[PDB]
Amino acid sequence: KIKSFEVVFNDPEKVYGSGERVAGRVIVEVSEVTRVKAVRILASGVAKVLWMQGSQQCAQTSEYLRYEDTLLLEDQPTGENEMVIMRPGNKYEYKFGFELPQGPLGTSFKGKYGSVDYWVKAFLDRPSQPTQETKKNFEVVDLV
């Protein structure tokens, strides 16, 4: 496991609405010289609700956001299995950005049970190591 691997949003205490851009960096630091195969991103948003209508139990589960990407450093290059070399004393910043869908995100769900769970996970792939993951939640609001 490397020195530091973090999702960092450009505005850390933001609540993002429907249709809005969520942007930040995945920041990587190492303590020894290390080759990196890829940094990948999964942003996920799932909402669930359960409610009663008279005797009828109702439930809904929506995966409203699924964004997957491979991020790039602006500087170090690519090509068939070209890998970035990371060295101690540097912060490697991988920019990301995606838009939330228009429409509901789950925050208006009404009933006896409601949840919305939105986050970004980043994945660091390295030769001869298992993938390392980091995960950071973010907050959303329906704008409809």
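When you see a residue number, it is the position in the sequence shown, counting from 1.
Of the two stretches examined, 102-110 and 75-83, the record assigns the greater average C-alpha temperature factor to 75-83. With 32-40 and 111-119 compared on mean CA B-factor from the PDB entry, the stretch scoring higher is 32-40. Across the residues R66, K95, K48, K91, the deposited record lists the maximum Cα B factor for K91. Looking at the C-alpha B-factors along this chain, the one for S128 belongs to the highest third. Compared with the other modelled residues of the chain, the Cα B-factor recorded for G24 ranks in the middle third. For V140, the recorded CA temperature factor ranks within the lowest third of the chain's modelled residues. In this PDB entry, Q57 carries a Cα temperature factor that places it within the middle third of its chain's modelled residues.
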